């Protein structure tokens, strides 16, 4: 059955959006709307192996106390973002493996939804063949280790419908053992329509023995900006998409989620915009305004 049905997704009471919504004077409807929508909590190399277990146990335990499903995004892969606007990640594969062990220690047997490494499989071609195989081994390590929590619903990130082909991405998912996980994620931090991503997801599902998937609908209410380089990097005219739900329109779509947090910058984007991940109230307000809120 769908592991994501049956309780609400957790609203992070300390998100940057919630801090902005509480500080707004006077109160701002757009920030309040975004703040009260469940998103995902992103972890990276800022949370070292030595302590990330406690961070994860705290978050999953808080979600359980709220009667809710936490969604965690792991974004620590070595050579993260191929050294671009969201550069980061752990220095070596050894470090990353230790990090994954620690995350799993903190999960225990607790309910969680885990989005494994946005962009890692899709962007792997920037790496040399040996670095690419290393990366695939690290993603496989994450799948094999994280799924030891029976209550973790694990989705390996698989890019989007305008990145790799369904066949190319299914090959990579099969190589990292997607069969052991619940499935894969699409559209993370991007803007493609839900309908387009369902078609792509169903294709990949067919090529991975019926795996299930989630779609990031955080910013896809108006579809993508016109085809141009960097059209994914803080584009204007985008809108919040469908709020998180398991009432989806795809046979193997477990949920629409907000994986990317609306309002966070995608990067400097060749325009001196805020560093990747920094919350910008104006960005959240514009996304909500464009959705008619």
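Positions refer to the first chain, counted from 1.
For the stretches 53-61 and 229-237, which has the higher mean C-alpha B-factor as given in the deposited record?
-> For C-alpha atoms only, the mean B-factor is higher in 229-237.
Of the two stretches 173-181 and 74-82, which shows the higher Cα B-factor on average in the entry?
-> Result of the comparison: 173-181.
Whose C-alpha has the highest temperature factor in the PDB entry: 36, 45, 265, 39?
-> Among 36, 45, 265, 39, the highest C-alpha B-factor in the entry belongs to 45.
Place residue 113 in the lowest, middle or highest third of its chain's C-alpha B-factors, as listed in the PDB entry.
-> For residue 113, the deposited C-alpha B-factor lands in the lowest third.
Ranked C-alpha temperature factor of residue 98 among modelled chain residues, by third | Middle third of the chain for residue 98's C-alpha B-factor.
Would you please rank residue 205 by its C-alpha temperature factor against the other modelled residues of its chain and give the third it falls in: lowest, middle or highest?
-> For residue 205, the deposited C-alpha B-factor lands in the middle third.
Would you mind checking where the Cα B-factor of residue 29 ranks among the modelled residues of its chain, as the lowest, middle or highest third?
-> According to the entry, residue 29 has a C-alpha B-factor in the chain's highest third.
Third assignment of residue 148 from its chain's C-alpha B-factors | Tercile = highest for this residue's CA B-factor.
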